[PDB]
Amino acid sequence: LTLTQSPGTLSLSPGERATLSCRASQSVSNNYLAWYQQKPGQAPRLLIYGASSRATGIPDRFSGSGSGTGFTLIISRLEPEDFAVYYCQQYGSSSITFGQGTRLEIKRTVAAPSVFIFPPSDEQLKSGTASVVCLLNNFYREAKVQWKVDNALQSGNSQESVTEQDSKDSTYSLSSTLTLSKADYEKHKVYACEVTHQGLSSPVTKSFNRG
Amino acid sequence: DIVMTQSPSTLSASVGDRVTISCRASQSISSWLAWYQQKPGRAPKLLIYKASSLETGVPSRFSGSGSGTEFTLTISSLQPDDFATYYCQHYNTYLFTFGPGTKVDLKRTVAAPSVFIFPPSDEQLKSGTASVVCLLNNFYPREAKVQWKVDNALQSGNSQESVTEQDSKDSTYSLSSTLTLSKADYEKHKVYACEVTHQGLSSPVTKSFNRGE
Amino acid sequence: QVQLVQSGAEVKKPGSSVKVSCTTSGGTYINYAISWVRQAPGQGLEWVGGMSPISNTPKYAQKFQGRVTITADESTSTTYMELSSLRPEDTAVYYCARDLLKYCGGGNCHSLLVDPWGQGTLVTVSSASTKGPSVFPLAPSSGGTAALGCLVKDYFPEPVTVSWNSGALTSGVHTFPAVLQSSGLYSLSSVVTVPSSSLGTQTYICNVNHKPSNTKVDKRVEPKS
Amino acid sequence: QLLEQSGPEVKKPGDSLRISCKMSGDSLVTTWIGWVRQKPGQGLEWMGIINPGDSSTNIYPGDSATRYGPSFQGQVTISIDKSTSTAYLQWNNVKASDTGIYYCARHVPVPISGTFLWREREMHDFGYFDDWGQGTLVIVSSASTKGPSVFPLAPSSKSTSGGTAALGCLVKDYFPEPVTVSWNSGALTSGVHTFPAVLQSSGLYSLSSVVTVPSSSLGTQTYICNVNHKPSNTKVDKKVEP
Amino acid sequence: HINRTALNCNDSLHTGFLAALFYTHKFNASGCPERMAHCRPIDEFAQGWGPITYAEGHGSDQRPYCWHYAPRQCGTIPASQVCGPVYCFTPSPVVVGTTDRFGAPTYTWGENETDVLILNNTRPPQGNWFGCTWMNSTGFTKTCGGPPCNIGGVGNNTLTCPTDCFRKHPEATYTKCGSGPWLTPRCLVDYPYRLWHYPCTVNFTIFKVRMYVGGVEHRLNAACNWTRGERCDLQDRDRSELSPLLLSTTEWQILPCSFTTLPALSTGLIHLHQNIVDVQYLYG
Amino acid sequence: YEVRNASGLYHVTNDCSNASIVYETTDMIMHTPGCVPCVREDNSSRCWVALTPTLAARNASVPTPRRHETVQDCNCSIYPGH
Ligand SMILES: *[C@@H]1O[C@H](CO)[C@@H](O[C@@H]2O[C@H](CO)[C@@H](O[C@@H]3O[C@H](CO)[C@@H](O)[C@H](O)[C@@H]3O)[C@H](O)[C@H]2NC(C)=O)[C@H](O)[C@H]1NC(C)=O
Ligand SMILES: *[C@@H]1O[C@H](CO)[C@@H](O[C@@H]2O[C@H](CO)[C@@H](O[C@@H]3O[C@H](CO)[C@@H](O)[C@H](O)[C@@H]3O)[C@H](O)[C@H]2NC(C)=O)[C@H](O)[C@H]1NC(C)=O
Ligand SMILES: *[C@@H]1O[C@H](CO)[C@@H](O[C@@H]2O[C@H](CO)[C@@H](O[C@@H]3O[C@H](CO)[C@@H](O)[C@H](O)[C@@H]3O)[C@H](O)[C@H]2NC(C)=O)[C@H](O)[C@H]1NC(C)=O
Ligand SMILES: *[C@@H]1O[C@H](CO)[C@@H](O[C@@H]2O[C@H](CO)[C@@H](O[C@@H]3O[C@H](CO)[C@@H](O)[C@H](O)[C@@H]3O)[C@H](O)[C@H]2NC(C)=O)[C@H](O)[C@H]1NC(C)=O
Ligand SMILES: *[C@@H]1O[C@H](CO)[C@@H](O[C@@H]2O[C@H](CO)[C@@H](O[C@@H]3O[C@H](CO)[C@@H](O)[C@H](O)[C@@H]3O)[C@H](O)[C@H]2NC(C)=O)[C@H](O)[C@H]1NC(C)=O
Ligand SMILES: *[C@@H]1O[C@H](CO)[C@@H](O[C@@H]2O[C@H](CO)[C@@H](O[C@@H]3O[C@H](CO)[C@@H](O)[C@H](O)[C@@H]3O)[C@H](O)[C@H]2NC(C)=O)[C@H](O)[C@H]1NC(C)=O
Ligand SMILES: *[C@@H]1O[C@H](CO)[C@@H](O[C@@H]2O[C@H](CO)[C@@H](O)[C@H](O)[C@H]2NC(C)=O)[C@H](O)[C@H]1NC(C)=O
Ligand SMILES: *[C@@H]1O[C@H](CO)[C@@H](O[C@@H]2O[C@H](CO)[C@@H](O)[C@H](O)[C@H]2NC(C)=O)[C@H](O)[C@H]1NC(C)=O
Ligand SMILES: *[C@@H]1O[C@H](CO)[C@@H](O)[C@H](O)[C@H]1NC(C)=O
Ligand SMILES: *[C@@H]1O[C@H](CO)[C@@H](O)[C@H](O)[C@H]1NC(C)=O
Ligand SMILES: *[C@@H]1O[C@H](CO)[C@@H](O)[C@H](O)[C@H]1NC(C)=O
Ligand SMILES: *[C@@H]1O[C@H](CO)[C@@H](O)[C@H](O)[C@H]1NC(C)=O
Ligand SMILES: *[C@@H]1O[C@H](CO)[C@@H](O)[C@H](O)[C@H]1NC(C)=O
Ligand SMILES: *[C@@H]1O[C@H](CO)[C@@H](O)[C@H](O)[C@H]1NC(C)=O
């Protein structure tokens with residue numbers, strides 16, 4: 001029970017040897033274990049049962065081996081369709097559980113971001129509330145955006161969204177939406193958006209003044 | 001039905017004395033009986049069953065007996081832990097039944113009460129109600145009578161009183177009786193008095209006050 | 001070693017129904033038949049009803065038929081008793097104790113209420129609501145000793161704790177049991193015996209306290225005219 | 001792969017739901033229909049197993065043939081209708097936190113290994129799910145069906161980066177999902193990003209669509225966002241201009 | 001509930017054991033891991049190596065629920081020390097009621113000095129029954145039985161088997177060394193009140209077995225301990241000599257993780273299955 | 001059925017004991033009905049296959065005084081599934 005796996009995320013390139021191991025607190029008897037593959041927006045399908053036997057319609061690239069508390073999933077060479085989330089499903093002993101999950105990414109060169117900001121719409125303000133969104137796209141993931149309302153940092157009042165990996169460019173994109181009432185918007189004049197990125201030497205700040 | 005009664009209503013003795021309690025039923029019961037000791041304010045306990053058998057952990061001093069209709073829970077020697085009330089109980093397949101209950105207390109020389117009367121406070125009179133408070137203090141035995149007098153007139157059915165548990169040290173009792181009357185009725189009379197009759201008192205003692213005093 | 005634990009204290013208004021439960025613990029067996037008893041204040045006990053340990057079909061006293069139902073569950077070893085049409089005189093403390101077969105023989109075998117008993121749960125069937133007291137001074141009027149007090153009236157629900165001089169004066173203090181008034185409210189009287197020489201020199205104060213209303217009253221008493 | 005299911009359903013909280021999982025094979029004689037729930041944002045988790053077979057197989061204990069998950073006893077009911085050749089997930093007392101997907105699987109079990117009497121032979125154990133199929137969507141919340149609020153994300157020189165500017169259409173205050181967005185109507189798509197719907201405060205849904213377009217095209221051609229809120233039947237077509 | 005069954009008893013400890021006689025009540029299971037903390041396994045003991053003789057009265061006031069309890073020759077017992085029916089059983093559970101001073105039947109509900117029980121026991125086939133078991137007035141199990149055996153051995157770990165312990169003495173057997181219910185070191189006999197006298201032998205699985213002692217028929221509902229995953233290598237099998245029940249076409253019903261003593265159906269030795277513990281193949 | 005006295009235990013086994021063997025030859029071994037012997041040889045202990053309840057051999061190809069040494073650590077026909 002309480003199956004676990006590492007690492008949380010991977011970043012590889014097509015045609016390369018890959019390893020994926022999920023560890024159990026207690027070793028399952030008779031090497032009872034099976035992996036699953038879930039392409040985005042699709043029904044997950046079966047790969048391996050028994051930790052060594054391969055199911056039908058599976059290329060020889062995907063295989064696994066081990067016993068006791070140790071297990072591993074082995075990809076001979078990554079392919080464009082091989083990127084997905086994998087779950088190992090410990091079973092037997094009148095109980096079955098699932099692993100957390102592990103996603104495959106594409107390890108490409110670091111890309112710098114583009115910072116954008118949209119002041120709230122006039123109709124939105126007429127509604128009594130303001131929604132300023134700072135848009136970020138075409139960059140390298142694992143970043144963080146900051147908020148400053150008239151040289152005052154904000155926390156607990158912004159909602160962020162993320163984009164899935166692009167098919168061609170392989171980049172990410174965010175939409176950090178900061179929610180504030182019309183009265184709060186009028187209480188302050190200067191509004192700024194700042195982002196911290198690994199690939200950026202210094203953070204980039206984009207700001208605008210009310211009205 | 002089955003009605004269990006005890007006699008006397010209260011009992012008195014001193015440490016080391018021999019006391020007897022009587023529990024009798026309306027219809028003959030072979031041996032189905034049991035006596036519970038109920039401390040005041042605590043949970044009751046079992047003492048004997050079958051009218052003769054002791055209960056585990058009960059000191060052998062307690063010794064019940066009897067059969068048929070009359071029974072008894074006789075104690076050879078009293079102890080400081082014996083001062084309680086014993087509810088002679090009957091049991092059967094369907095129902096249970098309890099008796100009114102007997103009380104056993106210390107024996108002490110008679111003591112006269114100290115009667116005090118407190119006229120009603122102005123605050124409650126302003127509320128439209130009059131409640132004369134009548135007090136008896138440090139008396140023994142429990143049995144005593146109190147009467148009300150207003151302008152020498154008798155009163156009944158319009159007073160309430162409270163009784164305290166026996167004093168642990170002086171082995172006396174205290175009593176307070178309150179006479180409830182309307183403000184208009186209170187202002188309609190001049191003299192208020194309590195008449196108290198007690199065994200240790202040779203003659204009843206009357207404590208009285210005048211309105212506005 | 002078996003421990004019986006009841007529910008908490010309860011307050012309700014006349015005409016409603018009250019449900020009381022108690023659970024056994026630490027017994028060699030799982031489910032014990034539980035029988036309840038009742039005593040009106042200042043009165044001999046009275047047997048309400050309970051679960052027969054011979055057939056488990058609940059049996060009530062002849063004066064509670066219908067008015068009271070008894071149900072129990074085997075999962076938690078808990079027993080339930082609910083009332084109906086509470087009259088004001090049902091105010092009492094309710095005990096639950098095991099109905100254990102101890103003596104046996106003669107073509108039949110008789111059960112008994114056996115130690116231990118539950119702690120006790122108090123139900124106060126009155127129509128009044130939380131009200132604070134009305135403290136008045138029982139100003140003394142003789143001799144070598146003087147009697148005075150602090151009259152506390154019109155308070156509900158119980159209890160009320162009264163301390164003289166914040167507990168400094170505890171010799172001769174007589175606290176009287178509370179009584180149920182005709183109005184659904186409660187009264188009190190407290191008197192202490194003290195020497196007359198100290199009537200006009202030592203501070204005399206009654207720490208009137210009422211937890212249900214969270215009202216603290218500290219009235220001052222002076223000798224009367 | 002034999003699985004057909006009712007499309008997405010939207011239900012009020014605290015209602016009696018019901019969802020059927022028919023098998024195209026129409027032979028539920030040796031099929032162990034499973035039930036795996038997977039709410040968005042985290043991994044999936046097993047819910048229950050139903051055996052069409054007799055008591056001969058069941059599971060190790062030999063109890064009922066509908067052994068449930070670790071925290072789904074009573075709160076779910078799983079049933080089969082072999083005569084009608086249909087499955088079901090007979091529900092009761094919907095909660096607000098049961099949004100997600102509900103799958104079906106064949107789940108051919110694993111034979112018993114170890115020690116057992118002659119009576120307890122052939123007593124399978126869990127372990128497979130094999131081929132899955134499509135899925136369903138149950139979404140329940142206090143909010144009622146409402147139309148979308150489309151606000152133009154007005155382009156500006158502030159939002160302009162080089163030749164390609166930044167703009168889009170903001171959609172907010174709608175339920176239930178989905179809202180199909182065709183940004184710029186019949187316009188070529190190049191870098192357009194449509195982020196997934198997000199549950200904001202007050203139990204409401206919002207979605208944004210952003211497209212990067214040349215500055216000249218803005219003045220020489222028009223942009224209209226086409227939104228079809230099918231669940232509320234509301235269909236709107238909003239245009240974005242400087 | 002017949003008028004020939006003694007019922008004299010005092011629930012003096014207020015433990016409510018007498019209730020289970022009338023209406024069943026679940027037994028608190030959390031106490032068993034302590035109650036059976038001195039029921040040592042058959043594996044950890046001494047080894048007999050010499051001639052075996054009917055042993056002598058073993059008086060050590062041991063606990064009567066463990067299987068290796070060594071009962072003593074008994075007989076007449078006063079009728080004021082037995083509550084509930086007394087089960088003293090031939091290999092099949094049978095009950096003996098209260099009798100008079102000299103064996104004549106009595107119908108006094110056991111509430112009389114004259115009434116007494118007689119338990120003069122000798123081994124079958126020529127005897128009457130192996131051992132007795134009942135619960136006395138205050139609620140403690142008591143047992144009787146014919147002399148156990150003196151297995152012998154070296155050291156202070158002598159066994160004195162009260163039952164059929166093939167291990168530690170290949171010649172020990174039930175019909176010649178049995179005392180009480182335990183057919184083997186694992187399995188009891190089953191009678192209506194088994195859950196009463198032996199408190200928490202309640203998870204035992206029940207098996208259908210039939211036995212022959214001196215050319216007579218017997219049907220036993222043996223209720224024998226178990227649990228899955230327990231090692232049952234070949235050195236963990238006790239001889240439960242008995243007549244099998246012909247469970248299937250070519251299989252026999254045997255007590256769990258044990259074996260019986262009979263030649264194969266044809267040209268074969270004992271053939272035990274590796275995983276299905278309670279089956280011995282006829283021919284293999 | 002025979003027994004094996006070793007390691008402080010008694011457990012059943014099918015290999016014949018020395019008391020159950022009477023006559024032996026170079027390759028032909030006979031035994032009392034009710035067990036199947038085996039022989040320790042050249043650090044190899046093989047189960048002597050039996051062709052009748054009384055006769056046994058090691059190898060039926062060619063065939064179709066104290067000379068041999070047996071042993072009681074021999075699991076033969078001991079738990080044969082079907
Ligand atoms: C079934 O038997 C077990 C074994 O005793 C019972 O658990 C035991 O229950 C008793 C009663 O609650 C516990 O005693 C408690 O001790 C604490 C001090 O440690 C004391 O503060 C409590 O007032 C009470 O006396 C005892 O600790 C507990 N034992 C364990 C190991 O948990 C269980 O309650 C029984 N079940 C039933 C339904 O009777
Ligand atoms: C039924 O069979 C089971 C298992 O065969 C019995 O449980 C076992 O009981 C023995 C006797 O106490 C346990 O041995 C104990 O081991 C501890 C150390 O763990 C030691 O300190 C004690 O002195 C004692 O030797 C043994 O652990 C236990 N096994 C398991 C798996 O719980 C059971 O008693 C049998 N009878 C019944 C009625 O269940
Ligand atoms: C089964 O194997 C056991 C263990 O090898 C044998 O136990 C041993 O048996 C011999 C013969 O009886 C014992 O020798 C005796 O020693 C005592 C002194 O302790 C002496 O007084 C006797 O005259 C005799 O020499 C030996 O002690 C004993 N060893 C143990 C029990 O550890 C057993 O005899 C074998 N039985 C069979 C049937 O094969
Ligand atoms: C019913 O059977 C039980 C179980 O044997 C009897 O309880 C046992 O009674 C004997 C003697 O009456 C006790 O022996 C004494 O033990 C104490 C220690 O508690 C010791 O100080 C004495 O010297 C003597 O050896 C024995 O302990 C006791 N068993 C216990 C407490 O587990 C019971 O008396 C029988 N009932 C009747 C009516 O005979
Ligand atoms: C006979 O079988 C029953 C059924 O399994 C056994 O009762 C079970 O005993 C286990 C062990 O204590 C219980 O699990 C425990 O649950 C408590 C919470 O109640 C938890 O705190 C412990 O950590 C442990 O997980 C289980 O609930 C209980 N089941 C039932 C239905 O009572 C019983 O012990 C067995 N008795 C013998 C003598 O083998
Ligand atoms: C033939 O069948 C017998 C009957 O079980 C087997 O005897 C047992 O063999 C096991 C495996 O070696 C022995 O386990 C051993 O335990 C000791 C601890 O005493 C440990 O140190 C060893 O490493 C090993 O695990 C077991 O003791 C033994 N039983 C007896 C009574 O001697 C035998 O192994 C089987 N042989 C073949 C070739 O099939
Ligand atoms: C019921 O059995 C109990 C079990 O002991 C008896 O309790 C004993 O009574 C005798 C006589 O008073 C005492 O000397 C013993 O000390 C008691 N034993 C214990 C452990 O306290 C009880 O007397 C019996 N009652 C009836 C009516 O038979
Ligand atoms: C059944 O067993 C009882 C108990 O041992 C026997 O009673 C004994 O009889 C002998 C001889 O008559 C006496 O010396 C003993 O004192 C008796 N024992 C007791 C405890 O009283 C009885 O004799 C046996 N039955 C028969 C038929 O012999
Ligand atoms: C008996 O069960 C075990 C446990 O899985 C297995 O390894 C073994 O192969 C089984 N026996 C046979 C003869 O297959
Ligand atoms: C005793 O029971 C038997 C059968 O139950 C009956 O025939 C007989 O009359 C009974 N004798 C009594 C109760 O004295
Ligand atoms: C006990 O039995 C004797 C004779 O067996 C008889 O005389 C006596 O009346 C009986 N006593 C009781 C109480 O039954
Ligand atoms: C035998 O004596 C030894 C030495 O004191 C001791 O360790 C062992 O436990 C004893 N065995 C028994 C069964 O009493
Ligand atoms: C049987 O074959 C073995 C292996 O070749 C050989 O050693 C042995 O001598 C043969 N025995 C007979 C009787 O043919
Ligand atoms: C049986 O006899 C053979 C031949 O002498 C010998 O090698 C072997 O050790 C004997 N076995 C036993 C158990 O005595």
# chains A, B, ... in the order shown; residues from 1 in each chain; ligands from 1

call {"tool": "residues_around", "arguments": {"residues": "range 16-28 of chain C", "least_positions_apart": "4", "cutoff": "6 Å", "atoms": "only C-alpha atoms", "output": "mmCIF file with N, CA, C and O atoms, in the first residue's frame"}}
result
data_model
loop_
_atom_site.group_PDB
_atom_site.id
_atom_site.type_symbol
_atom_site.label_atom_id
_atom_site.label_comp_id
_atom_site.auth_asym_id
_atom_site.auth_seq_id
_atom_site.Cartn_x
_atom_site.Cartn_y
_atom_site.Cartn_z
ATOM 1 N N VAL C 2 -15.878 -2.456 34.246
ATOM 2 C CA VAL C 2 -16.803 -1.861 33.292
ATOM 3 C C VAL C 2 -17.138 -0.440 33.719
ATOM 4 O O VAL C 2 -17.375 -0.164 34.904
ATOM 5 N N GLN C 3 -17.146 0.472 32.754
ATOM 6 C CA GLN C 3 -17.500 1.866 32.977
ATOM 7 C C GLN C 3 -18.728 2.201 32.146
ATOM 8 O O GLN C 3 -18.780 1.884 30.954
ATOM 9 N N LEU C 4 -19.710 2.837 32.775
ATOM 10 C CA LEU C 4 -20.903 3.317 32.096
ATOM 11 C C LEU C 4 -20.873 4.836 32.067
ATOM 12 O O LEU C 4 -20.692 5.477 33.106
ATOM 13 N N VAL C 5 -21.047 5.406 30.878
ATOM 14 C CA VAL C 5 -21.014 6.848 30.675
ATOM 15 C C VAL C 5 -22.319 7.265 30.016
ATOM 16 O O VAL C 5 -22.735 6.663 29.021
ATOM 17 N N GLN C 6 -22.959 8.288 30.571
ATOM 18 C CA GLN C 6 -24.231 8.774 30.063
ATOM 19 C C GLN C 6 -23.989 9.942 29.107
ATOM 20 O O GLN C 6 -22.852 10.269 28.762
ATOM 21 N N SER C 7 -25.069 10.583 28.670
ATOM 22 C CA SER C 7 -24.972 11.788 27.860
ATOM 23 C C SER C 7 -24.687 12.975 28.778
ATOM 24 O O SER C 7 -24.387 12.814 29.964
ATOM 25 N N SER C 77 -22.725 -0.687 21.546
ATOM 26 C CA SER C 77 -23.180 -1.092 22.873
ATOM 27 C C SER C 77 -23.835 0.084 23.594
ATOM 28 O O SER C 77 -23.607 0.330 24.780
ATOM 29 N N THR C 78 -24.662 0.815 22.854
ATOM 30 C CA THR C 78 -25.351 1.993 23.359
ATOM 31 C C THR C 78 -26.844 1.718 23.462
ATOM 32 O O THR C 78 -27.402 0.953 22.670
ATOM 33 N N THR C 79 -27.485 2.347 24.445
ATOM 34 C CA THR C 79 -28.919 2.222 24.667
ATOM 35 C C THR C 79 -29.549 3.605 24.633
ATOM 36 O O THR C 79 -28.956 4.573 25.119
ATOM 37 N N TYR C 80 -30.746 3.694 24.061
ATOM 38 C CA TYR C 80 -31.445 4.955 23.877
ATOM 39 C C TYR C 80 -32.788 4.933 24.592
ATOM 40 O O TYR C 80 -33.512 3.934 24.562
ATOM 41 N N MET C 81 -33.114 6.052 25.236
ATOM 42 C CA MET C 81 -34.429 6.257 25.834
ATOM 43 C C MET C 81 -34.899 7.653 25.471
ATOM 44 O O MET C 81 -34.224 8.634 25.793
ATOM 45 N N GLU C 82 -36.047 7.744 24.805
ATOM 46 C CA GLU C 82 -36.650 9.021 24.451
ATOM 47 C C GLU C 82 -38.007 9.159 25.127
ATOM 48 O O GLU C 82 -38.727 8.173 25.305
ATOM 49 N N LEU C 83 -38.343 10.390 25.504
ATOM 50 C CA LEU C 83 -39.572 10.682 26.221
ATOM 51 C C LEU C 83 -40.631 11.231 25.263
ATOM 52 O O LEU C 83 -40.456 11.259 24.043
ATOM 53 N N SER C 84 -41.755 11.669 25.829
ATOM 54 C CA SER C 84 -42.821 12.289 25.058
ATOM 55 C C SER C 84 -43.778 12.974 26.022
ATOM 56 O O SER C 84 -44.190 12.379 27.019
ATOM 57 N N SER C 85 -44.128 14.224 25.717
ATOM 58 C CA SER C 85 -45.052 15.010 26.534
ATOM 59 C C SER C 85 -44.512 15.180 27.958
ATOM 60 O O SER C 85 -45.089 14.716 28.942
ATOM 61 N N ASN E 28 -15.898 -10.124 24.020
ATOM 62 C CA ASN E 28 -14.879 -9.112 23.775
ATOM 63 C C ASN E 28 -13.569 -9.775 23.377
ATOM 64 O O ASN E 28 -12.909 -10.406 24.206
#

call {"tool": "residues_near_ligand", "arguments": {"ligand": "ligand 5", "cutoff": "7 Å", "atoms": "only C-alpha atoms and all ligand atoms", "output": "ChimeraX atom specification"}}
result
/E:29-30,32,200-203

call {"tool": "residues_around", "arguments": {"residues": "residue 46 in chain C", "least_positions_apart": "2", "cutoff": "9 Å", "atoms": "only C-alpha atoms", "output": "mmCIF file with C-alpha atoms, in the first residue's frame"}}
result
data_model
loop_
_atom_site.group_PDB
_atom_site.id
_atom_site.type_symbol
_atom_site.label_atom_id
_atom_site.label_comp_id
_atom_site.auth_asym_id
_atom_site.auth_seq_id
_atom_site.Cartn_x
_atom_site.Cartn_y
_atom_site.Cartn_z
ATOM 1 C CA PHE B 96 -39.255 -3.382 39.744
ATOM 2 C CA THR B 97 -40.496 -1.484 42.779
ATOM 3 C CA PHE B 98 -38.984 0.769 45.434
ATOM 4 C CA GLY B 99 -40.123 1.896 48.856
ATOM 5 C CA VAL C 37 -34.241 4.717 37.018
ATOM 6 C CA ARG C 38 -35.534 8.146 37.995
ATOM 7 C CA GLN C 39 -35.931 10.160 41.190
ATOM 8 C CA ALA C 40 -37.801 13.422 41.528
ATOM 9 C CA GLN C 43 -38.178 11.824 46.608
ATOM 10 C CA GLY C 44 -37.652 8.087 46.548
ATOM 11 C CA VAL C 48 -38.617 3.970 34.406
#

call {"tool": "residues_near_ligand", "arguments": {"ligand": "ligand 12", "cutoff": "7 Å", "atoms": "only C-alpha atoms and all ligand atoms", "output": "JSON, numbers by chain"}}
result
{"E": [155, 156, 157]}

call {"tool": "write_last_selection", "arguments": {"atoms": "C-alpha atoms", "output": "PDB file, in the first residue's frame"}}
result
ATOM      1  CA  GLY E 155      14.852 -32.457  30.602  1.00  0.00           C
ATOM      2  CA  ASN E 156      12.081 -30.644  32.438  1.00  0.00           C
ATOM      3  CA  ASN E 157      10.106 -30.198  29.187  1.00  0.00           C
TER       4      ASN E 157
END

call {"tool": "residues_around", "arguments": {"residues": "range 226-231 of chain E", "least_positions_apart": "3", "cutoff": "9 Å", "atoms": "only C-alpha atoms", "output": "VMD selection string"}}
result
(chain D and resid 114 to 116) or (chain E and resid 186 203 to 205 236 256 to 257)

call {"tool": "residues_near_ligand", "arguments": {"ligand": "ligand 6", "cutoff": "6 Å", "atoms": "only C-alpha atoms and all ligand atoms", "output": "PyMOL selection string"}}
result
(chain E and resi 233-235) or (chain F and resi 7+9+75)

call {"tool": "select_by_dssp", "arguments": {"residues": "range 15-209 of chain B", "states": "strand (DSSP E or B)", "output": "MDAnalysis selection string"}}
result
chainID B and resid 19 22:29 34:38 45:49 53:54 62:75 85:91 96:98 102:106 111 116:118 129:140 145:150 153:154 159:163 173:182 191:197 205:209

call {"tool": "residues_near_ligand", "arguments": {"ligand": "ligand 4", "cutoff": "9 Å", "atoms": "only C-alpha atoms and all ligand atoms", "output": "number ranges by chain"}}
result
E: 9-10, 61, 63, 80-82, 135-142

call {"tool": "write_last_selection", "arguments": {"atoms": "N, CA, C and O atoms", "output": "compact mmCIF listing (two decimals), in the first residue's frame"}}
result
# COMPACT_ATOMS: atom_id res chain seq x y z
N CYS E 9 -25.67 -21.60 40.46
CA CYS E 9 -24.51 -20.75 40.23
C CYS E 9 -24.77 -19.31 40.64
O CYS E 9 -25.90 -18.81 40.60
N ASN E 10 -23.68 -18.66 41.04
CA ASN E 10 -23.65 -17.30 41.56
C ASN E 10 -22.76 -16.50 40.64
O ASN E 10 -21.56 -16.77 40.54
N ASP E 61 -2.87 -27.59 38.88
CA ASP E 61 -3.86 -26.53 38.76
C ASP E 61 -3.62 -25.67 37.52
O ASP E 61 -3.69 -24.44 37.58
N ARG E 63 -4.22 -24.30 33.44
CA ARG E 63 -5.38 -23.68 32.82
C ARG E 63 -6.08 -24.68 31.90
O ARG E 63 -5.42 -25.35 31.10
N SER E 80 -23.60 -29.23 43.41
CA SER E 80 -23.64 -27.81 43.76
C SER E 80 -22.47 -27.03 43.18
O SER E 80 -22.23 -25.90 43.59
N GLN E 81 -21.74 -27.62 42.23
CA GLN E 81 -20.56 -26.98 41.65
C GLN E 81 -20.61 -26.99 40.13
O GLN E 81 -19.58 -26.86 39.47
N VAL E 82 -21.80 -27.16 39.55
CA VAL E 82 -21.96 -27.24 38.10
C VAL E 82 -23.13 -26.37 37.68
O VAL E 82 -24.24 -26.51 38.21
N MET E 135 -18.63 -25.86 33.25
CA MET E 135 -18.29 -24.64 33.96
C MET E 135 -18.97 -24.65 35.32
O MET E 135 -20.19 -24.83 35.41
N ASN E 136 -18.18 -24.47 36.37
CA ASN E 136 -18.68 -24.59 37.73
C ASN E 136 -19.47 -23.34 38.09
O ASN E 136 -19.76 -22.48 37.25
N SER E 137 -19.83 -23.21 39.37
CA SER E 137 -20.80 -22.20 39.77
C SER E 137 -20.36 -20.80 39.38
O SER E 137 -21.10 -20.07 38.72
N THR E 138 -19.14 -20.41 39.76
CA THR E 138 -18.74 -19.02 39.63
C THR E 138 -18.22 -18.66 38.24
O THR E 138 -17.85 -17.50 38.02
N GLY E 139 -18.18 -19.60 37.30
CA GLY E 139 -17.86 -19.27 35.93
C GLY E 139 -16.43 -19.53 35.50
O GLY E 139 -15.81 -18.67 34.87
N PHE E 140 -15.89 -20.70 35.84
CA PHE E 140 -14.57 -21.11 35.39
C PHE E 140 -14.67 -22.52 34.81
O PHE E 140 -15.26 -23.41 35.43
N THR E 141 -14.10 -22.71 33.63
CA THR E 141 -14.16 -24.01 32.98
C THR E 141 -13.43 -25.05 33.81
O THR E 141 -12.37 -24.79 34.38
N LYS E 142 -14.00 -26.25 33.87
CA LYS E 142 -13.39 -27.39 34.54
C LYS E 142 -13.48 -28.60 33.63
O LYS E 142 -14.40 -28.71 32.82
